[PDB]
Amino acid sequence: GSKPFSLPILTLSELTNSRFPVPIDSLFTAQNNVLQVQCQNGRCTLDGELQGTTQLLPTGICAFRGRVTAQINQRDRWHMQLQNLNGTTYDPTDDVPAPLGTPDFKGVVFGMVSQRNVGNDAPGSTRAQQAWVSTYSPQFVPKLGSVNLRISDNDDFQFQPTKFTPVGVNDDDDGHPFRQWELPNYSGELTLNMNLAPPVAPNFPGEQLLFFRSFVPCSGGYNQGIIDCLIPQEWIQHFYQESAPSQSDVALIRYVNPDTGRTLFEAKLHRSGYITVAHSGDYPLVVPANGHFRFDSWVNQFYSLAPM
C-alpha cells in the first residue's frame, strides 16, 4: 500500500540550484570524472531523506549565521562562531559534515555580511558590507564551529550577531582556483571529512550523470561561474514533503513537452538522488522552455536507457 512517487511540475526557469542560491540555467551531461562527484548540498534520497549539509531553504545555501567573536592578524581576519542557520546553537557532535548550508566546494564565496547588535552595547544598531569566505582557508573550520571572513572595512565591524549572504563565487587571486567538485576540509587541515553524502557515479555502460547547471555571479576575471547540482532544490523540498517509498533503486523519468505530450528523452533517477542518461561526451542539452521531467515507472539496474 505504497504512496506514489512523483516530481513537482516545474520548468527549468522555475527551478533553483540546490548548491548555490540562483535559478537553474540549463541541463548538462558530463563525461565521467576520474574522481567521483560527492557534493554535500543538494543531496536527498527519493524517499525524502536529506543528506550531507543539505537543508530546505534556498536562502540557506552557502549562508552563515552566528556571532563574530574575535579577530586575528591574517587575511582571513574575522572569526565567526557559527550557529545553525535558524539561530539555534550549533553542536559539533551532530552527525553532519558541517553546519547545514555550508559551501561544498573549494573557492571563494563573495557576498555581504550584516550585523544587528544585541545586549548592552547599542542594541538594535546595524551595519552591512562586502565580505568573502575562502573555503581553502585554514580557518575555514565550519564543522568545528567557525569560519573566518575577509571584509572591506575593518573599522566598521563589531563583536555582534552576524549573517553572511552569498552572492557569487570566484577563484582566489593567488593560485587557489574555484573547483566545484573538490570538497573543503570542514574541520581544517589534517582532519578527514565525516558523515558525508556518498559519492555518485553511473553504474551502467554508456551512461553519464545529468546535471542542473547554473552560471553564477563572479567578482572579477573570466570564470564562467559554473555550479552543477544533482537535483534542484524544489525536488528536494518535494521529496521531503512526500516521503514516498522507493520501490526500486532506479526510477525511470521522462522529459516531456506538455503541449505536444511527447517524451523528448528518458533518464534514470537513482534512489540516492541523482540522474543518469545514456550519452557519451560533454553536452549542453537543448530542450524547449516548457519542458519538464515526469516520473514514469520503477525500473532497475538491468534497464537500458534509450540513447539521449
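So that there is no doubt, residue numbering starts at 1 and follows the sequence shown.
- Stretches 216-224 and 67-75 differ in mean C-alpha B factor, with the higher average recorded for 67-75.
- Mean CA temperature factor is higher for 30-38 when stretches 30-38 and 249-257 are set side by side in the entry.
- When the C-alpha B factors of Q180, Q208, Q115, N154 are read from the deposited coordinates, the top value falls at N154.
- Within the selection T93, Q237, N84, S134, the deposited Cα B-factor values reach their highest point at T93.
- Per the deposited record, the Cα B-factor of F105 falls in the lowest third when ranked against the other modelled residues of its chain.
- Per the PDB record, residue ranking by Cα B-factor puts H176 in the highest third of the chain.
- In the deposited entry, the Cα temperature factor of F204 places it in the highest third of its chain's modelled residues.
- When the CA B factors of the chain's modelled residues are split into thirds, the value for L190 lands in the highest one.
- Sort the chain's modelled residues by C-alpha temperature factor and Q233 lands in the lowest third, per the entry.
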